[PDB]
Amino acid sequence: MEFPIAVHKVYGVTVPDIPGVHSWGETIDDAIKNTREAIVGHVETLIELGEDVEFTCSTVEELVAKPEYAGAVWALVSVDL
């Protein structure tokens, strides 16, 4: 699944489709990689807890105009669900 992630300025990242998951990086490239691993680790925690893992990604188009993401650089990370 391709999750959109909002990178803002080090860079901070939020994952609109997965509340609570955040990451960072010195560069945008680092923030993208670190965010993907944050999502994978979150999914694994949910699996370990015995929880269902069901997500639906949004598109950037559906999120780009929300005022909370003003000035964001948008990226996409691929996570296998």
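Residue numbers run from 1 along the displayed sequence.
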*For the stretch from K9 to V10, please bin the deposited residues that the model skips: none, 1 to 3, 4 to 9, or 10 or more.*
4 to 9
*Going by the B-factors listed in the PDB entry, is the mean over the C-alpha atoms higher for 66-74 or for 21-29?*
66-74
*In terms of the chain's CA B-factor thirds, is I5 lowest, middle or highest?*
lowest
*Third of chain Cα B-factors occupied by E37*: lowest
*According to the PDB entry, is the CA B factor of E48 in the bottom, middle or top third of its chain, that is, lowest, middle or highest?*
middle
